Every structure is written in structure tokens, then in C-alpha cells.
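Chains as they are written, first to last, in PDB author numbering: chain L, 1 to 241; chain N, 1 to 241; chain J, 1 to 241; chain F, 1 to 241; chain B, 1 to 241; chain A, 1 to 241; chain C, 1 to 241; chain D, 1 to 241.
Every residue gets a Cβ at the ideal spot worked out from N, C-alpha and C, and that includes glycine.
Have a look at the structure below, then the notes.
There are 8 protein chains.
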Amino acid sequence: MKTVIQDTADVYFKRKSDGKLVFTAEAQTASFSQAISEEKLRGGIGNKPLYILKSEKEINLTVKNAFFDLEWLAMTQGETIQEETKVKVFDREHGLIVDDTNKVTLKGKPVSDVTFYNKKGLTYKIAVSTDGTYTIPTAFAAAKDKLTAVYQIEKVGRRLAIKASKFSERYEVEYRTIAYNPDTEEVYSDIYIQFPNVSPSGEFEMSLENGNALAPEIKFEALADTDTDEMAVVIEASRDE
Amino acid sequence: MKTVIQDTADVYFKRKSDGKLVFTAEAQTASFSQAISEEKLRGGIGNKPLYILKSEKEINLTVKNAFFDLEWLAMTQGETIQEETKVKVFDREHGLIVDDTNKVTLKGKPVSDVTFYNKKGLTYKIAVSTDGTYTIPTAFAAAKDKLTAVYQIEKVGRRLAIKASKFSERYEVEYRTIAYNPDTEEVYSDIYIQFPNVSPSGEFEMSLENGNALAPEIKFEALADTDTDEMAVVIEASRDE
Amino acid sequence: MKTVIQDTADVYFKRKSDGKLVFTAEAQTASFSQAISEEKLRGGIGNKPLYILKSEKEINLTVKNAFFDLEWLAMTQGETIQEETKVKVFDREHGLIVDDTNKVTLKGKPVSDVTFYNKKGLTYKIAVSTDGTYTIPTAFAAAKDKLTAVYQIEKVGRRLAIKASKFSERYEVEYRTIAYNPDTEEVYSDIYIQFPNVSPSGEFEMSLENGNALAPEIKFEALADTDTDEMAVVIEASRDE
Amino acid sequence: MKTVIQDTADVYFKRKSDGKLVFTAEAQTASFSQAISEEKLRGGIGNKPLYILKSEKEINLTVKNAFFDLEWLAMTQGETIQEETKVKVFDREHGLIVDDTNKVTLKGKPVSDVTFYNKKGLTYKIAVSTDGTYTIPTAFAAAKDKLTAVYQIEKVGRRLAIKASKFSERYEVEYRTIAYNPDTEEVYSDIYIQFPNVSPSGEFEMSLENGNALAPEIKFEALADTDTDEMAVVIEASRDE
Amino acid sequence: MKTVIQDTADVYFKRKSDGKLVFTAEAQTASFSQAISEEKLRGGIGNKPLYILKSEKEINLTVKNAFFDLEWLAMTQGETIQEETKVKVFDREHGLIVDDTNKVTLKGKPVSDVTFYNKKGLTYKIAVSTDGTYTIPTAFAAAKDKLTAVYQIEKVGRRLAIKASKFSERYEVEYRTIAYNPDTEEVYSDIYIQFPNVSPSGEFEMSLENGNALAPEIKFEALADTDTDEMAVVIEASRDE
Amino acid sequence: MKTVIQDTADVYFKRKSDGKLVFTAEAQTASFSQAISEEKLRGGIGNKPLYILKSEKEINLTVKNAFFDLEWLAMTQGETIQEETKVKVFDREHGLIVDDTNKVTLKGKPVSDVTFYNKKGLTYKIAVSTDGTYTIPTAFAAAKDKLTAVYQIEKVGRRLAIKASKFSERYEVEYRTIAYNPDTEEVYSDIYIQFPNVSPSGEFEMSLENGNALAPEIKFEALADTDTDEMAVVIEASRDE
Amino acid sequence: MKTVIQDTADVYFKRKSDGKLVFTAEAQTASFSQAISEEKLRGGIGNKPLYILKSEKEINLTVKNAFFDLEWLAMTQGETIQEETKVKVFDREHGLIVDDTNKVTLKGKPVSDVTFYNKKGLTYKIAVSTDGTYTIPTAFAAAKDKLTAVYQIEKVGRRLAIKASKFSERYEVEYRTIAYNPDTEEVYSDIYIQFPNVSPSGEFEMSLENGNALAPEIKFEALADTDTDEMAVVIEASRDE
Amino acid sequence: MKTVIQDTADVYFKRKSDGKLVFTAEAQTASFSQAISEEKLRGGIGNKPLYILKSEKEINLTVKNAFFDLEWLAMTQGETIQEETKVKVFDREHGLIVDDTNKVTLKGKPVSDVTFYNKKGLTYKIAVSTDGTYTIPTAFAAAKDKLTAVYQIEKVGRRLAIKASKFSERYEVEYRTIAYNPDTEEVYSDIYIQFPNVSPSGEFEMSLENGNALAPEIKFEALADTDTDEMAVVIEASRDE
């Protein structure tokens, strides 16, 4: 019976090392693609084909969500997130007014060497002062001027490390979607697609566009189950259960 | 006479072994492509080619429909759709309330472990309780909290299997489209593009995106016929004869 | 908890030799991408164990701004910016009128020879005259006609030479962005991406087309740190801690 | 400082062979690109990237004007335009009336074979007639019908021949543009880019579309100077000096 | 000399196909608004305009009448008015009182079913009431209540179908205006804005607004006649004849 | 100083080719506009507005008089008034009474087919009767009725043609107005707005409405001067000097 | 608390360099509007909209006065008033009684060609001389008849200059309005609206009609400040307490 | 049944982040609008026939008050109001009489600069004088005259900052209104409209006309709830309960 599919799929992930379950109900794209190649045998005067050898197969999976979480990034690297880490980040203060004594006051807690910029693009590089007041040369900026400061601070958070010697883990995936009857407009069937023995391929892109959304990508490549030689199964149920 | 084409084509199939005329008249795209490659032999002082050798042709077919059928994906593979098979799928139930005596009531019928998710993110693996209720611990959710449950259940339906198997059966594809007269507007002729020996290959792509129009995509490669040494025939049949 | 990221990160560049700080709070695009090398351990029935061989990791960075700064040009070609340098540039004059005695007046200060063009299109090349008035041949121009003049003048300003010597130095790069709470659209956390050992790369396209802004684009590419074996660090710092 | 560029550039070409200078004040695209061959050194466990190998620094130039001028595309192809030459061109005549004697009369001076087309799309292949009168076959058309004709004529004009020949001519190129101050909306700087020792590499591309401007394109390749190992210089001149 | 005009043009429409004439009546509004669309070509610094590529013109007409006639909708559609066509409409019979035995009669010659509405708005659909009796159930209404009845009858009259394709029958418009002497204040000239080969355009609007006249409006687009290119002609006459 | 303006008009046009100063007259409306294409450059977190890109500065002109003159239609389309051209116009006559012999006598001079309208809506199209008497068909009407006739006649007068070709005439325009001092309500300043190098464009619009004297509308477009690069000049005078 | 506003606002303008101050105390309208870009984030089964995904922001200002000040046009175009400049203007004279002996006495000081117009309306381009009376061509008019003349004079005053390439600078704007207590009707608070870093926008309409005042209109677009990221400040202060 | 509504609605706002309730009792307009968008899937051959797909709904809310309150536009831009803050405002005195010498006094506390204007219109800037006396050049104005002064002062009040990187939060809304009866005219029902999960879109327009009341306007955009899949609910009632 011909159907019409118009939604995305609910995607279920399972880890074949411990038994974790990661699910997504806000998917934006769920796709799977196939590829097959064959070889032919030829010989004799005129390399006419004499046989058709075995055809090989490969299957790829792509999943794109509409949210962001660090678990999707931890999946593609195989490295555990570390809670409560002390990191060193950058910070910037704008609109600082010098006094007639050529001194500015910093409201932050500078850690590294402080950098000062003025309205012409010149740079000053001055170490951390104890009392928060610095001395600025008269050639840099005159009294009643505007300066900006850049420095570093300590913060607390979570950490994920993208190393060069960590590609890990093997998963199992399921897709679920619905299919409609094209005559009475009612939902007719539920379609399930099962992939056992998949491996996460390293193809990552984080584009922080102007506006827009993130929509992370995750990509898998399918293998064959050892017990029963299957790579993907498609089940078309019905509303007769 | 020069004409105008502004519509898609019907994509009749027919297997050679046994007559199974597969029909589709609600197509969205039908495309045909040709490429030619060539090799040469080099020579003496000037590296000029001497004589031609090993020139080949290759014709590729692409069909994109608008509806969806499981007998359209069984053509790329070589397996068969096994009716009436009992399978295992995931299931999800949102919004379970924990009562005063730290218990939750389950409305489904699991055939595996039950995974519970709280409002920030966590896991709890418990086994099937024949009574129907489950005792959530105290450190997970206290009372008047909303939890999510994920199971595995059983269902009956059609079941395909994408294996690495032998694809043998060859088909006879034929397209049909009508052409219009630019001067006065009525049909002038019908255009047929009959491929005489085609072999399932190339690739497949199922992209489930959150809009609509799944548009299943299939490709084929046309090989030279044995008796007539043909690959594709283009026919223009006028409506005046 | 899942969040929504709709913004462009602020970028910070720091040279690892001295510590020059160049930042941008006006960026339009900031992205990084990953790549890996994949192959299969396969062959057929004999090599039934199929396994994915993963090797080699690539991390690339691209930043697109909206203003123009010459420090970005100086970064990709390691060379200090010469300042207050006398140079020679072209300058043209339009709409000059020939007098009765075939003598035109130039109000510029030429250095090289002077080239004169007429309205139909020719060229007269003459040397420099001290008083600033040049004789004109009778055939090339007539009385009360229109001419234009081109020469070279002297100007001062900055300079930066592109030599056939590859750049040097390595940069620490930081991206900073923010994430939003889904259910109640308030700011939840700040996300930092850090690259500790990253080299620039030469991929420039400085296209100046009419009616469009410049939007410079710079490309970096990452190498492993020699101690921690890292290439990038992703930090998610909550705003309530 | 951080300037804004929102306009194209005026270009200047000077030939180093004799003396010539050609400029543009109407260009539509001025582009300058750099390409460098980069490979990686791979090491121990995980095939980590450690060092980058750079070579082959090349610079290319792209100029697209708004007018069509035969002297400008003669730079990218080394030849000379032979003015005032006779040549053979194609000609087409429409709307011919045939009398009752199956006779047709042409106007013009054909030099080659005459081809006739009817209203259905058939071809007639009559040779040249001395008095410009032809006798169409009865089956081709009847009285009070309409036919069109194709033949060849001779014309006088210019002529440029594209061959396989070495040009070996050198130029000096200069680009000039203006740059505004973002917080005062006044012109702040003039930006010059200088290329000595350029050569006209041949990558011509000409596309004529349906109702669209042509914008001819010419490409150049910049080579290193043999006196100060420079390939391009960048100059920023402030109007306050 | 300085004609004053203070009236509305008396309009006449004529058709090419057969030549019937309409609008022997009084109008309210007439216009012939004219427009030109231009395309630019820009280049150089500042995007100065160089040359144009438009060569286009258009003329539009709008006529508004204070009366109603079915032919004014026949010119906005590609169809003819069919006459003596029996058609089905809706009638009504308001006012019914439920008695003890529920026996009330309807007058007329109904064809379709009758619907009855009470205070609670219950439908209680019944078939054709062949006699003048129909029952009422208790939950519908009590004794001595008020009901309203609706049904469908047949009528004979003129008809005008509206289809979704095809338009023909170019028209000729003449704005018969009258000019008055500025001094005498009596007819000085007779303005005859004639317009050959106009085409109807479908921008119809029909709204009824509680007692005000409908005042239908018709729109036209004027084209060059065949060869003379006289899309609009303005004629001034005199009373001196 | 601040002044109050209540009057208008005093508009002068002067031709550039020949000296023709037109309508030293009192008008109704005389406007003056300005348009600039502005686009916004955005970047950073939140896509903040930070610069405005401005170009394509244009100025238009609008004049509306109080009388209708064909000398003012000639400044929009370049086409000379073809004076004394015989033209074909329409004419209707009312109050025709049917006699007892089915005869209708026309006192006019018909030159085309005549159309008769009855009291109900029957249209009778008949050819020109040279005897001055018309035969009345029996089915058209009965005796002692009122009939209307419509036919074509010829007349003599002026004629202007609207084409779609060329406009190459230039003018200089000046506006004069009066401004009063607010504290005295006496005449203080004369304001002159002068536009050099104007060009007529076609944007005509005249609506003939009932009971309303029209205002013919004429539009122009100002263009940049060749030597002064000025579009409009605003001049304020003083009555005390 | 709750206030009632029924008045306009006093408007103050200040230039951000050489802070020229222009204020108005007789205004008619002071408004400002805000706009943002909206979208939707969707996903999952169905297309349920998840969140809003807000975007770029815009603020526009409009001021409408009741007097005429030349400085408003001088801030629409980034130019300066040039005081005490001598220019040429037009002049007209009616009521010229034609004196006998072919003389007409003048009363002004013509500087250019004098043009004469007769009763029926015709031209006559004479030239210039100290002829209190010129010499009439009896061909034109007769003695004791009417004549009108038009010529030019010289007058000194202020002037502006609208150039083809001019900016609009940047400004700070302030609106002041009063608020009322709704229970007792006494002035409670003063509301200030401060717009820093705004730019004038050129869309100027200046229509002069028959007794309609002039009512100027000026428009601004607001851009964010670099230091505080502020686009508008709304203060309720100056409360009489 | 059929009810007549002649009243406005009372509005309640509820912030789902801190538990803040905002209540309106003096409203003028409460509007609620709804739109449905549907796209259709099309097949091939001949025409492109149809199939109806799933549709989407959008709901908008609009509220208008009668009193001005700073909390209303504090929700469009989510940002708190800081109390008792120092601000700089403009001020001016009129009617200053110059002294006998040539000096004037000011009974205020200027901050930045004083810009004197005279009765004819001019400008004389001078820095702040500590003695409270200012000297004017005699050419600017003379003694026994009147001048005006404009400057800045400092004040203390409440303050709202409209920033370019801050949007609103999530809210819940309810409208209440009263219906009538068309026969007994007493009262029939209370109509409630409830909107969960709304978001205030920024479509802001506050204008200050002369002698016209100010009514602030607020807009919203409905989003479906995460539990009931609902956008807005309409609740009827009755007075008989």
C-alpha cells in the first residue's frame, strides 16, 4: 500500500559497552544512504566479460538535531566530560576614563599581562598592578580619554578535550517514523529502521553563523552483525495491532 | 518540429525472468545521463598519441517518485519482504508521576528493562515487575515529580533485511512524456526513452526531513544489449499517425 | 541541559612568541571542522571480521569578520608592518581644457613622466616641466577640447611586503559564545572553545566588488599540543556559578 | 584602525616593454588571491600531525570590467588584431512567399550553398542560382506557403585569432580603493595594492546569457621581483598624513 | 485656451471579434495611468550609473460604474452568459410552533431536505416531508416553542460560470470627456482619449457594505495596436464647427 | 531664522536647447523629493547594527496645475501636436419614437454600423441606411416606444499620440515661494529652489471624477551637473536687503 | 506608577564633533519605532514550533515640525550654510501698457535675455540695453494694449548645496515630554528619551500647496554605541519631589 | 446562542521565571488573530495534480492600554529599571536681558557648554564660567536686547536601557470579557481566552501627537504548550450558574 511520509524520525542510541540509552525527540534530519560496487572478470582475445563477481555494500547514517548538548560531542570523541574544572578564559572591559594623573581603575581581577587599546589602534602591554591603578604614558592617551582593556580570568565549568589519539566506542541505532494513507488522510503505518553494529565516523562541523541555529551533525558507518549477517532492517507495522 | 516539454514521465518496469509489470504514474523526476572515457598510446620524440584503444560508454538512470512503497526498496536489494514477523521495537511514555510511597504505575507491556529519566538527566535500570508498579529510589525523585520511561516491546509486521546478497534480475525501463507546439498550444508528439537491459546499482538515499516529500530515489545503470548491441532508444511518435 | 545557540563567537588571537593580543567583537562567522581517515578490514567470506580502521585527525578553523584590519593580513604573512614609509602611487586628473597657445596647466606634483589622453583615445607621453604648464601638439588636441592626465605622486603611510618566505609563529585562539534556556528564554551558560597550538594558513581572496562589503576571511589549522596531546577544549560555564 | 570598505577598486596596468599605460574607472570586480601548497608530517600513535610543510607560494589576479573592449582581451592572448579584413559570416532570411509556380525569390548575395527550412522542420539543399530565383520541389511546399533560408555572406571588420603561442609580456599592476571611518562616516584611508612583474596567464572565460551583462574577465599571475624578492605590497595612506 | 474640466467621461467599449457596443450610461471614474520601468548598470567607485537597459512602457485603465449589469462581469471572464438555465438555490420559512401532536406544515415546492433550528440549535435532519407533518422529539424543544426551517428550491434565470483559464477578445476604449472655457465657463473643447487594443486583466472586487452601492470597477491594460504603436490617443475638438 | 510658509507655485521651466520660458504662472502643487538606498552592516552577538551603507542618491520633481493644456502633455512624451487631423469618434442619440410603419428616421450623419437599444435591453445592430429611414424588426419592440441609437462620426481637431520611444529633452527648473516672520505675520523671505539639468520622465496620471476639477500631474527627475556636481540649490533671500 | 500623556516633545539635536546645537520648541510630532526579526525552531514528529529565535533589532525616529528652518536640510545633507552669496533669480511683470511710438517702459534691472508675452500668448526673445523703453514689433502687439515681461535679477543671500556624494554625519537626539497624575491632574514627572549615535536618513518630501502650511519631516536611524551597547535610554525623572 | 459583545477585555500577564503578575483594568483593545498555512504535494505527467498535506497555525495577540507605565515597555526589552540614578539632561532659559556693560548671568548649574541664540538666529559657544557671568561679543548682539540659553544639567531618576542584544522572556496571558443577550439584554456569559507559552515580539511604536492621548501597544506570539499541545483556549460561561 502506497503511503506518504512527511515527518522526521525519533532516534534511539545504545552503547555496546555498558548499556547507555540516549534518545532524541526533537530531530531535524534523519538519513541513511547505501552504496554498492561490483567487479567483472574478463579474458581472451577481446576482454569480454565472463563472470560477475560478488557485489560489496556500505551504509552510512546522518543525524541532525535542533538543540545542543555536550553528550553529542562526547559521542564523536569517546572522551568523558570532566565536571568542576578550573579554566583560564579571556575578558574585556570597555569605556575606561583616564584621570589628570594618567591612571585608570580596573574593576576585574586580571591574571595575565593586561593589554590596553585606544581610539587610534595603538597597543600598550602592562603587567598586573596590585592596587588596580595603572600608569599610562602621556604619548598613549591624554587626560579625559577612552581606553579598553583585555586580560584573562579564572572560571569554573565542564571540560571536553578533543585529543589526537582517541577514537572509540561502538553503538546501535533505531529510527521511528509514521506513514499516512493517501486516500482517507489517516495515519496508517509505523516505520522502524534498525541498524546494529554501527561505528561513529569523525565528520564534525560547528558553524556559529550570524543568527541562525547550531544544528549539530553526527555521522555513523554501518557494519555487519556477527550472528546474523544483517546491516539494517526495515519494519513496516500497521495500526492493526 | 521544435517543441516544448514541461512534465515528468511514467517509469514502467518489467522483469525479464517472469513478467511483473511494475507501475508508477506519480513520478517527480526521471533523468538519463551518458559519459565517455578514452585511453591512448604514447610514442617517440613527441609524446603524441599514435592510435586509439579502450573507449567506453556508460549510461545512468535516475528515478524519483512521490509516494512510498516497500516494493520500491526491494528492487535495489535481492531479498524478499517476509510477511507476518514478530519484532522488537523501542517505546516511550512521557509524564509519569511518582506517588507518596515512591512508586510509579506503568501502562505498557515491556519485554525488556525499563529506563527512567528525570528532569535534569540521569538513568535508572530496573527489571520487569510483574505487578505493574515500580519503586523509584529516594535520591532520584522525591514526590510530585515527572519522569520518562523507555522500554522495549513487541509488534508484528512486514520485515525487510538489507544484506550483502546477489542482485541479478534485469529490467526493461520505459519513459513517456508529451511535447507541445509553441505556435498553437496542443500536444504534437509523445516521447519514449526505452532502455533494453538495466542492472540495479549506484546508490539509494532516504532523507527524512521535518518538512515533507520524502521522495524516494532510485538509480540504475544500463548495459549494452547482447543481440542488438544497443543501450537506449529515443522514440518520437506524432499524434497524427 | 539542552540549550539553543544563536549567535557568533567573539574571537581572540595571541601569538605564542611575544604575546600580541588581537581581538574582534564584530565577527560574522566563526567555525571549526574535523576530519578523519577511515578504511575497512574486509575481503569477503574469508575476511568475515570487518573492522573500521581510524587514523589521522584534522582540525580546521575559519573566521570571517565585517570590518577590515591590516593585522589580519600581517598574521598570515609573518612580517612587521613598516610605518611612515614614503612610496609612489598613481593619480589621475580629469577634464583639462586646451588654451589658445596649446598649453595645459597641471595643478598636481608629478614625479614620473606625464601621460595625456584625449576624448577619442590616444596617448602623449611627456617629461616633467618645472612651471607646471605643458605644450601640446596641434594634431593630438585642438582648442577648447577636453583631455585627461595621469602621473605618479609621492605619499606616506604604512606598508607590508608579501615575500616568497613562509610565515612563522603559532597562535592561541579562543571563541566565546552564549546559550539560551529553552523553556524560559533566559541566558543559561557561556561556551568557550580554545585552541592552544594552531598555525595560520594561506588562503586569501580579497575581492572588492561594487556595492558589497569586504568581509575578510582568515583560515587557521590545528596541530597537537606536545604535552597534553590536545587540539581543542570546549568549556560550558553556567552563569549561576 | 578598523576601516570599512564598500566599493570596488581603480586599476592601472603599465607595460614594461615600451611605455604603455591603461586604467579603469568603471571596473566591476577586482580580486587578488594567494595559494600555498601545504602538507603535514605525521608521527606516532594515532598518526598525530606535528609539523606543517609549506612551499609553492603563488599569487593570482582577477579583473572584471563593465564594458567590452577588444584591446583588453588581446592582452590575455598574445597576438595582434588585423584591422580591415574581409571574412565570411552566416546570414538568415525569414518570411518568404512562394507563388503558384513553385518559385521563390531571394534578396542578398549568397556565397555558399543555400539551405531552406519549411514550417514542419524539413531541409532543402539548393546550390547558388545566378539570378536569385529558386524552384522549390512540389512535395516540400505548395503555393501560399512560407519558408526561411540560410546562407553565407561576406563582411569587413576586425579579426583576432586565438592560437597556441607564447606571449611573454610583463606588466605592473596597481589597485586603489577607499576606506571609511566606522564611527564618523568620513573617508579615512586610501588603500593601494602593488604587483610588480606580473604575467598574463591564460584562463579566459566568456559566457553569454539570456538578457544579462557580460562583464569580461581577465586573469593574471604575479611573479617574484628579482631585486627585492617581493610579489605584492600593501599600502595604507591616511588623509591626515 | 485654459480648459477647465469637471465631469466624468462617458465610456464606450467595442470588441474586435463581433463588434458589440456597451456603456450607453453614466460613469463615476476613469483613469489611464502610465508607468515606465528602468534598469541600471553600475560600476566604479560610488556606483555611478552608466547606461540603461529598459526601453519599456505600460498604460493601465480603470472604469467605475454607478449601476450594475451582468455584462460588466462577462468582460472580466472568458465566458459567455448562458440564458434560461434552471438552477438550484436556497429558500427559507421562518416561524414554526410545536403543538402537542407535533403537526405543522410548510408551503412551497421543495426538492431537497428541510433543516429545523431551535433555541438550543439542534439540527434533527429529516427527509422530504411529502405531507405537511413532521414530528419533534422531547429533548429538542417543549410545547409551544419557536423553530426555523431552511430548504432548497429550483429557479430559472441567467447564468455566468467562472473558470480558471483562457482570455481573449481585445477591446477598444474611448474616454469621451468634455472641456469647458475658463472664461465663458461653457464647452470649449471635446476631449476623446481613444485606446486601441486593450486587454482585460482580472483584478475584480465585489463587496457589499450595508446599504451603499456596490459600484463595480473594471481594469484594463493597453498595448500597441498592431504596427502604428498608438496605445493611447488624446483628441481635442472645438465647438466652432 | 524660523519662518512660516503657506503659499506655493511660481514654477519656471527653461529649455536648454532653445530659449523657451514656460508658464510664468500660478499652480496648485509643486513638490520636490529625495531618495537614498540604505543598507545596514551587522555583526557580533545579536547581529547589532553598526554602520549604514549609503549610495544612489536621486531627486524627483512633481508639478500639478489648475488648468488642462495640451502644451503640458508634450513635455512628458516627445511627440508633436498633429494639429487639424480628422478623427473618428462616437455619438449617441436619445428620444427616438417608433411610428406605426416600423420606420425610424435619423437626423445625423452615420459612417459606421448603428446600434439600437430598446427599453428592456435588446441590442439591434444594423448597417448604415442611406435613405434616412430605418426598418424596425417586429421582435425588437412595439409602437410608441423610446429607442436609443449609437454610431460613429468624424470630426476635426487637434491630436496627440502616445508612443513608447525616446525622450531626449532637457530643462532647468526654479521654484519661488514666500515665508513670513512668525512674530509679525509680515513678509520676510523669498525662497528659491533651483534644479539644473532636469529630465522629463513618464509617470502621467489623470482621473476624471464626477464633480471634481482635475489637477494634471507632471513628473521630472533631476540629474547631476557636469561641471559642478550639484543636484539642487536652496536659496533664502531677505526683504530688508 | 500610572501616568497620562497628552503632549508633544521638545527635541534637541547635537553633533558628535564640534557640537553644534539645534533645538526646536514648536513641534507637532515626535515618534520612534522598534522592529525585530522573528522565526521559528521546529522539529520532531510533526512540526511543532519549539522556540522563537529572535534576531536583529532596529530603531527609527521621526520628527515633524511646524516652522521652516534651513538647518534641517543642512543636516539631511552633510553640508554647511554659505552666507552672503550672490546669485541670479527670475522675475515677472504684468500690467505693461504699451506706450505710443513703439515704446514700452520698463521698471527693473534685467541682467539676461528679456522675454515678452502678448495677449493671445506668444514669445519674442529680445536682448539687453539701457532702454527704459524697448522697441515693440508691431508684428506682435499694438499701442494702448497689454504686454507682460520676464527676465532675471541678481540677489544676495544664504545658499545650500545638494551634492551627488555627501554623507549625513552622526548625532545625539533628546526628546522631553511631561506626564500627569490621573487622579488630580497635576504634573508628576518628566520623561526623557535619549538616542545616542543616530544618523539622518534621506527621504525628504517637500510639498507646497494652496494653503496647507508646510509641516517639515525629518527621519533618523539609530545605531548601537560601542561602549555600552545602548540604542535608546528612557528616563522618568525631574519629578517635582 | 447568538450573543452581542460591546465591551473590552481585562488582561492578565504572568511571568514564568519568577512569579510576577501584571494586571490591567483600564484597557482599550484586546485583539487575537489566527492564520493557517497549507502546502500541497504535486505529481507528474500532463498537468501537476494535487495532494493536500499537513497545515500549520500561527496565533497573534495585541493589547492596548490607556495609561502610560514604564513596566509595559520593560517587558518588550527584558531589562530591569534601576532607581535613583544620575543622568544628564538638556535645559534652556528664555528671556535673558543683557546688562549695561555687555554681560549676562545664568541662574542654573551648567555642565558642558552654553550656546547662546539671538533674535535673528546665530550661535556663540563658551565654556562654563565659575563666576556665573558670561560676556558676549558686541557684534553678536547689543545691549538692551533679549537672548536665550541652552545647556545640560544633571538629575536623578529611574532609567531604562534599550540594548541591542536583549530580548524578552516567556509569559502567560488571559483575556476576560462579558457578553450580552439580544432580547432580554441582561447578560448571558463571561468569555475567557487563555494563552499559555507566549513570547512578546518586538513591534513597538509610541508616537506623541499634539493634543492626542498616548496608548502604548504590546504584541505577542502564541507557542504550543509542551503538555497539552494547545495554543489558546476559549471558555464560554453563563450567568445561570
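Taken atom to atom, the span from the alpha-carbon of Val63(F) to that of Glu203(F) is near 12 Å. Going by DSSP, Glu71(B) is part of the alpha helix (DSSP H) stretching over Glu71 to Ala74. Looking at the backbone, the Cα of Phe167(J) and that of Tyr188(J) are separated by about 41 Å. Proximity of chain C to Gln194(L) at the Cβ level (cut-off 9 Å) is not reached, the minimal Cβ distance being about 18 Å. Not flagged as an interface residue toward chain F: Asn181(J), since no C-beta distance is shorter than 8 Å.
Contact of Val4(J) with chain C by beta-carbon distance below 8 Å involves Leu41, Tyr51 and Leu53. Linking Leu214(C) to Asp7(A) through their CA atoms gives a straight-line distance of about 9 Å. Within the segment 22-47 of chain D, those residues whose Cβ lies closer than 9 Å to any Cβ of chain N are, in chain order, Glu39, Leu41, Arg42, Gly43, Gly44, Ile45, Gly46 and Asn47. Chain order gives the chain J residues near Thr177(F) as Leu208, where near means a beta carbon separation below 8 Å. Contact between the segment 78-85 of chain B and the segment 146-154 of chain B is absent: fewer than 3 CB-CB pairs across the two stretches fall below 8 Å. At a cut-off of 8 Å, the C-beta of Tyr12(B) has a neighbouring C-beta in chain A.
8 Å or more divides the Cβ of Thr24(B) from the Cβ of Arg159(A). For the pair of segments examined, the segment 131-149 of chain D was found to touch the segment 88-105 of chain D: the number of CB pairs separated by less than 8 Å reaches three. If you ignore the 5 residues before and after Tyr117(C), its C-beta comes within less than 7 Å of the C-beta of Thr123 and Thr148, all in its own chain and listed in chain order.
A residue is called buried when at least 16 other Cβ atoms come within 10 angstroms of its Cβ; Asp240(C) does not meet this threshold and is exposed. Around the CB of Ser17(J), fewer than 16 other CB atoms lie within 10 Å, so the residue is classed as exposed. Out of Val89(J), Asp131(J) and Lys120(J), the CA that lies nearest to the CA of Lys107(J) is found in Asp131(J). Any Cβ of chain B closer than 8 Å to the Cβ of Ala66(F) would place that residue at the interface, and such an atom is present. For the set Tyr12(A), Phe68(A) and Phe140(A), the Cα lying nearest the Cα of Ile193(A) is the one of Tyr12(A).
Within chain L, the C-beta atoms nearer than 8 Å to that of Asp229(J) come from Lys163, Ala164 and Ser165, in chain order. The residues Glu38, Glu39, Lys40 and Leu41, in chain order, have a CB closer than 8 Å to that of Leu53(C) in the same chain once the five nearest residues on each side in sequence are set aside. The continuous beta strand (DSSP E) containing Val89(J) extends over residues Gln82 to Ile97.
Residue pairing for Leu61(D): DSSP places it in a beta bridge opposite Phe32(D) and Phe220(D). Per DSSP, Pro182(F) lies in no beta strand (DSSP E) segment and is marked neither H nor E. In terms of CA proximity to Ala27(D), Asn65(D) leads the group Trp72(D), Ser55(D) and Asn65(D). Residue state for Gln77(D) is assigned as coil, using DSSP reduced to three classes. Taking the beta carbon of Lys20(B) as reference, the chain A residues within 8 Å of it are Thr115, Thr123 and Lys125, listed in sequence order. Leaving aside the five residues that flank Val198(N) on each side, the residues in its chain whose CB is nearer than 8 Å to its CB run, in chain order, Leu61, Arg170, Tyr171, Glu172, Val173, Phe220, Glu221, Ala222 and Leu223.
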